[PDB]
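> Numbered per our numbering, the sequence shown spans residues 1019 to 1172. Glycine is no exception: its CB is placed at the ideal position from the N, C-alpha and C atoms. Just dropping this structure here.
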Amino acid sequence: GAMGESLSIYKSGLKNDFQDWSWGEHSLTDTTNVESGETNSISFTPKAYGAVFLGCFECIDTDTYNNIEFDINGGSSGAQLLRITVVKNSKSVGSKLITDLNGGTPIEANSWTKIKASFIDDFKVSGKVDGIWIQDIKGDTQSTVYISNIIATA
Ligand code: NA
């Protein structure tokens, strides 16, 4: 197939053997803010440097997928301060601010925004990736965000 490959990580539920390694307070089965055509989202109240961490040891090979993507809803406030981190060889190897990945715009409140990061361009990483995390960097409690359609893409 000439169409670029894709690998679902969360689509109304964990897919393709991805595991919930999160340490922040969150739910994988939120039904209060859900994209049309989905049934659940991941809700995450960013606080105390917690994170939603979806892992699968060496499951994302950059010889097959160039990017990690997800849809995020800023909830009541939008503009959350979050970092996206890629894990390789069981260690964090690079981070980007979500506002940066969003073209320099804080994520909009009460609406869904596509976030895309290139493994090579944004993280300078290649080879086999073990997971991705979305982490609070404020410490102080931020308004809840919702995450949906997490996918690795060629
Ligand atoms: Na909705």
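1) Along the chain, where does the beta strand (DSSP E) that runs through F1062 open and close?
2) What is the residue span of the alpha helix (DSSP H) that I1138 lies within?
3) Taking only runs that begin and end inside the segment 1080–1107, name each unbroken beta strand (DSSP E) of 3 or more residues, in chain order.
4) Per DSSP, what kind of secondary structure is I1155 in: helix, strand or coil?
5) Looking at ligand 1, does it come within less than 7 Å of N1107, judged from the CB to the closest heavy atom?
6) Is there contact here, the segment 1047–1060 with the segment 1107–1127, by at least three beta-carbon pairs under 8 Å?
7) Just reading off the beta strand (DSSP E) that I1027 is part of, what are its end residues?
Reading it off the structure:
1) 1059–1062
2) 1137–1141
3) Fully enclosed beta strand (DSSP E) runs of 3 or longer: 1085–1091, 1100–1106.
4) coil
5) Every heavy atom of ligand 1 is 7 Å or more from the Cβ of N1107, so no.
6) no
7) Per DSSP, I1027 is one residue of the beta strand (DSSP E) stretching across 1024–1028.
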